[PDB]
Amino acid sequence: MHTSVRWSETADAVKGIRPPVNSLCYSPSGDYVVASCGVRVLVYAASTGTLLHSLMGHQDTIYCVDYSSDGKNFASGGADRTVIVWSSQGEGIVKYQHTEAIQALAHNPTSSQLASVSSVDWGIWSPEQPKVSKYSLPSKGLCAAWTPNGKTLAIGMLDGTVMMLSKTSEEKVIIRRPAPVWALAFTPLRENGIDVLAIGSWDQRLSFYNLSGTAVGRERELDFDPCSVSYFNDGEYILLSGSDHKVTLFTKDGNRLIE
Amino acid sequence: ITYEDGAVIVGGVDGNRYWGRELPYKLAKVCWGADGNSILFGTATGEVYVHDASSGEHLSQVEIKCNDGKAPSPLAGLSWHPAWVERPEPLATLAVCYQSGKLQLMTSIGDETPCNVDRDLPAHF
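- cryo-EM is the method the PDB entry states for this structure, with the resolution given as 3.4 Å.

Put into structure tokens, the structure is as follows:
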């Protein structure tokens, strides 16, 4: 497996510091690429990466960016206490504030509405209902992941509390991780009808947990701290990135194959 | 066994009811997935969905392009022949036909390049 760079961009340095590319998104069609540099959302093409859109609506730096499975509207979350919902052309849908900060944006591949993860709790914003219920959380969340069938939502937390807070079933299966949970994802390829969640715990460990809260297989050690989970070839492999300054491809078991 | 209200009952050979549901939309045509693990339903409006054989939840929706989308056209044919389930490049054995007469031959649940061939005459079966 040979890997070669096709195109590469770089955010311009401001005051000697280049703002990080915290999030990245690919369209389900496979053409639109959404990145977030500074306070500005940027849009590129898959083949060439030409700068199509340069949206400037967030007052502060952008942490989380998510893309919808339809391929029409993507939402970007900046550190300005407010989630803004955007369209492909650049028209904001709604600009609704959160309490202190926002952390993650997750889009269900089946239903249109998304779930935002923020300081106070995770809000459920829907196009039909602008009203979002507010409740307390022990602290601010880190990441989120919806099931490919929309069954359950997993919230990745620094203290390790991964909760199966699903609207369909109020039952919760609690995962405990000593390490921060910075990147967790649900597999799109289910074998024998098993719902599996891959968690990149920041003790250099990668774990698999089913919907029953059982450690699937074993806990795999890593030569870095993963901060971005993804799957390759629709569940065939798993893509990981972290403090190694390298992108690594693993089997579904968890063994290392190739950087 | 599917009805007009959307109610579906999947029965076994002997009669053991595997699962029954009351789907919200009005069903008009029903097919069987080629592999045997998916069930394709058709609405009264003309939309087509893919559900699970066992659980029966709303797995996905078929990407249609022969349907204009201006008005809900009823469908007259929905058949997926399983002769090439274990084929390296499965043939366009899926068939979706509307009452107008637009025939769309797909090779998978979400095929992006169907061999849609149009005919002037209408269609019923």
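Quick notes on the overall build of chain A
- What chain A contains, in helices and strands, is zero helices and 21 strands.
- A globule of 259 residues ought to have a C-alpha radius of gyration of about 18 Å, and chain A, at 18 Å, matches this closely.
- Projecting the C-alpha coordinates of chain A onto the three principal axes gives extents of approximately 50 × 45 × 35 Å.
- Looking at chain A as a whole, 46% of its 259 residues qualify as buried.
- Sequence-distant contacts, at least 24 apart, represent 34% of the contacts inside chain A between residues at least 6 apart.
- In the form shown here, chain A has an accessible surface area of approximately 13800 Å², with 52% of it arising from carbon and sulfur atoms.
- Here chain A contributes 22 positively and 26 negatively charged side chains, and the mean placements of these two sets differ by 3 Å.

Comments concerning the packing of aromatic side chains
- Here the structure, examined in full by the defined rule, presents seven aromatic pairs over all chains.
- Ring centres 4.5 Å apart and planes at 5 degrees place the aromatic pair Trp 182 of chain A and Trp 202 of chain A in the stacked group. Of this pair, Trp 182 of chain A sits in strand 14 (residues 181–186) while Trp 202 of chain A is found in the loop between strand 15 (196–201) and strand 16 (205–210), placing the two residues 20 residues apart along the sequence.
- Directly above the aromatic system of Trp 84 of chain B lies the positively charged group of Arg 87 of chain B, at a separation of 5.2 Å from the ring centroid.

A word on the pattern of salt bridges
- Taken as a whole and assessed by the stated rule, the structure comprises seven salt bridges over all chains.
- As a salt-bridge pair, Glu 57 of chain B and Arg 21 of chain B come within 3.1 Å of each other at their nearest N and O atoms. Placement of the pair is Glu 57 of chain B in the loop between strand 5 (48–52) and strand 6 (58–61) and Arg 21 of chain B in strand 2 (residues 17–22), with a sequence separation of 36 residues.
- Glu 63 of chain B is the partner of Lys 65 of chain B in a salt bridge, and the nearest nitrogen-oxygen pair spans 3.6 Å.
- Owing to a relative accessible area of 38%, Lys 65 of chain B belongs among the partly exposed residues under this scheme.
- With relative accessibility at 33%, the residue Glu 63 of chain B sits in the partly exposed group.
- One salt-bridge network, held together by shared partners, links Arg 177, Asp 203 and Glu 219 of chain A.

Focus on the UniProt feature "repeat: WD" (unreviewed entry) in chain A
- According to UniProt, the feature "repeat: WD" (unreviewed entry) maps to residues 55–87 of chain A in the numbering used here.
- The annotated region residues 55–87 of chain A carries 0% helix and 48% strand content, and the separation between its end C-alpha atoms amounts to 11 Å.

Observations concerning the environment of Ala 95 of chain B
Residues and elements named next belong to chain B.
- Mapped onto the fold, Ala 95 is located in strand 8 (residues 94–98).
- With 42 residues separating them along the chain, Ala 95 and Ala 53 place their C-alpha atoms 19 Å apart.
- What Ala 95 contacts, discounting residues up to four positions off in sequence, is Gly 77, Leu 78, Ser 79, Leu 103, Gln 104 and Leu 105.

Some thoughts on the nonpolar core
All names here are of chain B.
- The biggest cluster of nonpolar side chains holds 15 residues, and the ones touching the most others in it are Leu 40, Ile 64, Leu 78, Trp 80, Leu 94 and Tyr 98.
- Of all the elements in the fold, those that place two or more residues in this core are strand 5, strand 7 (75–80) and strand 8.
- Those residues in contact with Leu 78 that lie beyond four places of it in its chain are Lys 29, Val 30, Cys 31, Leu 40, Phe 41, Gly 42, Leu 94, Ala 95 and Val 96.

Analysis parameters
- Residues numbered from 1 in each chain as written, not as in the entry; some residues may be left out.
- Chains lettered and ligands numbered in written order.
- Part of a larger assembly, values for the part shown.
- Heavy atoms only, no water.
- Helix = DSSP H or I, 4+ residues; strand = E, 2+ residues; numbered from the N terminus.
- Rg over C-alpha atoms; globule rule 2.2 N^0.38 Å.
- Buried < 20%, exposed > 50% of the residue type's maximum accessible area, 1.4 Å probe, protein only.
- Contact = heavy atoms within 4.5 Å.
- Areas by Shrake-Rupley, 256 points an atom, 1.4 Å probe, with all protein chains shown as cover.
- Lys, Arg positive; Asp, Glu negative; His and termini not counted.
- Charge placed at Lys NZ, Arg CZ, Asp CG, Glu CD.
- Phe/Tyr/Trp six-rings, centres within 6.5 Å; stacked < 30°, edge-to-face > 60°.
- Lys NZ or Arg CZ within 6 Å of the ring centre and 35° of its normal.
- Salt bridge = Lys/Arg side-chain N within 4 Å of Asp/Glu carboxyl O.
- UniProt positions renumbered as here; feature names shortened; annotations may be inferred.
- Core = buried A, V, L, I, M, F, W, Y, C linked by side-chain atoms within 4.5 Å.

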